[PDB]
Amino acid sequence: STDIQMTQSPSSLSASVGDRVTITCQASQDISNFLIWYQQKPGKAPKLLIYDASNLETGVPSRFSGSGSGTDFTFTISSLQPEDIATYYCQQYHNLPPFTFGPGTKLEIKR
């Protein structure tokens, strides 16, 4: 398919350390499991956490996970840590460029 739109919700949220947080990402058309999740902090490139929708990238903490296939996807942090403050993006790569990005979800955590 072409002209695929990616959406994310919430656009921003605040939580507390130890909380379980789940954010969502939707593709306007089916993209199977070709969905990546990034974590981006200030002054750094997006960091790969999840690929193929649910595959945890090597080295990434196990408190991160993803699920979904088709159009609806989720990303979960099982127990928040202060360093998890970041913007989280989803990206589809079902076929060819563009590998459309979601608008991102900005997570804050109380200190």
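Numbers follow the displayed sequence, beginning with 1.
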- Item | Entry-level comparison of average CA B-factors, 52 to 60 and 29 to 37, reporting the higher stretch | 52 to 60
- Message: Where does the C-alpha B-factor of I109 rank in its chain, lowest, middle or highest third?
- Response: middle
- Task: Pull the Cα B-factor of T74 out of the PDB entry and bin it into the chain's lowest, middle or highest third.
- Result: middle
- Once the chain's modelled residues are ordered by C-alpha B factor and cut into thirds, is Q5 in the lowest, middle or highest one? middle
- Lowest, middle or highest third: where is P97 by C-alpha B factor in its chain? middle
